[PDB]
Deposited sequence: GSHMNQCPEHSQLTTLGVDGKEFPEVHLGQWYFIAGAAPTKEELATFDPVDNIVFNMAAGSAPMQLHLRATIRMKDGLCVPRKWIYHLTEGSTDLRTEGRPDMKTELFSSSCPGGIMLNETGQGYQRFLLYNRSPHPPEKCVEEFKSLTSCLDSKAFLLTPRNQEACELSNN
């Protein structure tokens, strides 16, 4: 009894390197979900660039992003996250962080009311295609077979 596991995938754990090691910029590379409808929100997107910062209060992080839409428009977004000590989970729902096969990579798992999806980010806007192939392969194995790759043909919007 064998042949029933998915590729190796480790959740990020706490040590006190988290989260300073993750701050700075990131690019949205690809998403996977049980169905297309959890990825629908990303259909008109060319690229998204993000910046993560230390919050203002104690266990807090400022996220900024600018979405470059396929039509060329730029849409700014801002969110605040709350870490829990001992945990790498982000509270805005919960986001689990996982290590990635790609150097400079990171994968998120978003859980919520009757929806779920995996989202790949990297420091580089153009990581190796292998990295993306391994993420598709891993997520398909976890039953998120619907896949979207951001095209990243246009320049990042300012952030």
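- Item | Gaps in the model (deposited sequence, numbered from 1) | Going by the record, the segments left unmodelled (no C-alpha atoms) fall at 1, 16-19, 98-102, 170-172.
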